[PDB]
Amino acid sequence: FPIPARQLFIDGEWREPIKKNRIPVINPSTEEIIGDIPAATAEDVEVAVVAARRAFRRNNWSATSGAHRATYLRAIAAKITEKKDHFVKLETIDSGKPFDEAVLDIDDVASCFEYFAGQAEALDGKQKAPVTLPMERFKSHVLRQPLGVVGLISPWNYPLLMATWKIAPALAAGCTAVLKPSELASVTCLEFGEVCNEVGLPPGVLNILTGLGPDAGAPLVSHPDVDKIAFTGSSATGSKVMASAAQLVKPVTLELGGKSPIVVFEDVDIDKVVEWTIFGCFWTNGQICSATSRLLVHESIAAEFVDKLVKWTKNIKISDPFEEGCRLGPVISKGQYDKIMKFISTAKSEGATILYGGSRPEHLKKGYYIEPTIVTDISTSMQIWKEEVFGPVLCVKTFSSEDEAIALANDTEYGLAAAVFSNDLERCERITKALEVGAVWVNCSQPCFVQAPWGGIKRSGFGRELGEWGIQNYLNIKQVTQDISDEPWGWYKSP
């Protein structure tokens, strides 16, 4: 099977970049160029937002009902499901994640559009929600209107699914949007532009611009007619996005990954837990914004736990993502490959011992492949304990008391997620409340349902996506307050 060659998706049609640049698509499994994607610039950003503004002003989208827009979202979920095999293949070759992971992403893409079709519908009965006032002179209610034209910026670790997390609620709210996917993985998002045509989404409601960060993303963020930005990616970049938005006091949401702890107490089924620790740091080839990449395990069961950890870890088949049984593919790019190696490198140079992994798999000579890696004998002053590695790399420290666990778990500038393992469910509740985190998993790690709110605190960003919080990111909450008295205010004296 080959790969699609697309132009930019603007105003319902396929448009060459104005400066005509393209950049390559590399298969992370082979390090070879397998195609290329259009590379948008500020000039293309300008025509996409003009088209999005034009579409927002038309009589067929933004002032329509939630139920109406829901028919489009359900059509998308259907289409995505209909073209299921096409999207998982592309996602697998583009992102490098195992085929099996890929199929669950495309399943989750359709589920997300379904869920928000529902949220669009439920939005209709929330309109003109009454606000009881103290004074019978006045009455009040709330309108939930679409905010306007929005910029959506989505990362490459779940390419289509991270885009949908932003596309779905924004379209449910009645906004029109410009999507900027990551240059490292843009193939399925571009294909999404066809789905839009095929379901008859009005032109300009969604526009998809691929390209480099400074060229396609930055102009979107700084554009004077974009009302809001939703960003997911690195904390470093998120700071730059917000600095830029601040010039026009433009609102943002940010989900900036983290350094999430997984806290394991003495009283557990060690074989079920070790699999969750593996899933929480090595699944998605370790490229998980909510990676439980700090293991804190009670020294009581430490040795045994670490033992069976390496045991399960060694049994992880590392291979090309299309081959049956693959549980770990290559990391996304050479830049990322180098960065992870430098993290491992610097780790031992600060005197930490690479218990397992830490290098290419000898049996794979090409591709950005890395061994699932367990780092031990860790100080809390080491770079690898502080910083997001975004590769299959796990740090490990033991703890004495519950209070030491909590303090260790919370000793980070980040605060996206955390997981806590213990059969003592009273203890689980105590730890859950104490964690300085936006998402806590109890006796599991990493399942993210569209039904529940998602985001972080501290340097992991702010705002909640998904669930009943998703739509609200895209709304103008309009207060409307009417004087029904028909009588002089009576404050000023009449002449």
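Throughout, we count residues from 1 along the sequence that is shown.
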Revision key, fill the gap. Averaging the C-alpha temperature factors as deposited, the higher value of 71 to 79 versus 148 to 156 falls on 71 to 79
Exercise for review: Please work out which of 265 to 273 and 240 to 248 has the higher mean CA B-factor as recorded in the PDB entry.
Suggested key: 265 to 273
Study note, to complete from the structure: One of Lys166, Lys180, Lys126, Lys314 has the largest Cα B-factor in the entry, namely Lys314
Check your understanding: Looking at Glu191, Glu299, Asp105, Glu114, which has the highest Cα B-factor in the entry?
Key -> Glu299
Review point. So where's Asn476 on the chain's Cα temperature factor ranking, which third?
Key: lowest
Review point. What third of the chain, by the recorded C-alpha B-factor, contains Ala434?
Key: middle
Practice item. Taking the values exactly as deposited, rank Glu465 by C-alpha B-factor within its chain and report the matching third: lowest, middle or highest. Key: lowest
Exercise for review: Could you tell me which third, lowest, middle or highest, the C-alpha B-factor of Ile33 occupies within its chain?
Suggested key: highest
Check your understanding: Lowest, middle or highest third: where is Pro214 by Cα B-factor in its chain?
Key -> lowest
